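Quick setup: one chain, the form deposited in one PDB entry, written in structure tokens, and binding and motion questions come after.
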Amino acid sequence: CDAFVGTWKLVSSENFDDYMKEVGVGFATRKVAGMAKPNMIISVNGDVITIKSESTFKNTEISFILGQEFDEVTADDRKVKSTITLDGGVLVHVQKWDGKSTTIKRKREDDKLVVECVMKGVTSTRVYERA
């Protein structure tokens, strides 16, 4: 996961409002969350990977071991069960709650970190560059 390690800044966001709609995020949270230009800080210490997001909307931090389910309270306040695995270089993060599931994929592409958020038929692409 060393290629992911670093401080990253959001530079573009496509279809994020529609992704959040599909997830079930309410109007006011969608509007405020949609404006944010977060920094994502990724670090590794042994088997533990930490992903921190710092933004004007709200700060989050998750630490996890690959393949091992954990509790996550998301920025939009869902209480989800999360599992993150590595699939041929891509971090695959599945969140489950209320009989629903969404998948967030994080991958390195050129000098960018590309985040693909999928909820049923709706995909949002968020691109980060090194801070």
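Residues that one form lacks are left out of the comparison. The first residue of the sequence shown is number 1, and the count goes up from there. Heads up, when I say rigid core I mean the largest set of C-alphas that superpose within 1.5 Å between the two forms.
J.: Decide which of the stretches 85-93 and 62-70 has the higher mean C-alpha B-factor, going by the entry.
T.: Going by the record's values, the stretch with the higher mean is 85-93.
J.: Considering every modelled residue of the chain and its Cα B-factor in the PDB entry, is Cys117 in the lowest, middle or highest third?
T.: Lowest third - that is where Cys117 ends up once the chain's C-alpha B-factors are sorted.
J.: For the chain shown, is the CA B-factor of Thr103 in the lowest, middle or highest third of its modelled residues?
T.: Its C-alpha B-factor, which the entry lists for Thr103, ranks in the lowest third among residues of this chain.
J.: Thinking about Cα B factors across the chain, which third does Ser43 belong to?
T.: It belongs to the lowest third of the chain when residues are ordered by C-alpha B-factor.
J.: With respect to C-alpha B-factor, does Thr29 fall in the lowest, middle or highest third of the chain as deposited?
T.: Middle third, going by the recorded CA B-factors of the chain.
J.: Should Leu10 be placed in the lowest, middle or highest third of its chain by the C-alpha B factor in the entry?
T.: It falls in the middle third of the chain.
In what follows, reference is made to the form solved in complex with a small molecule, a form of this protein that is not presented.
J.: Where does the chain move between this form and the one not shown, taking runs of at least 3 residues whose CA atoms all shift 2 Å or more after fitting the core?
T.: Once the cores are aligned, run 55-58 is the only one whose C-alphas move by at least 2 Å.
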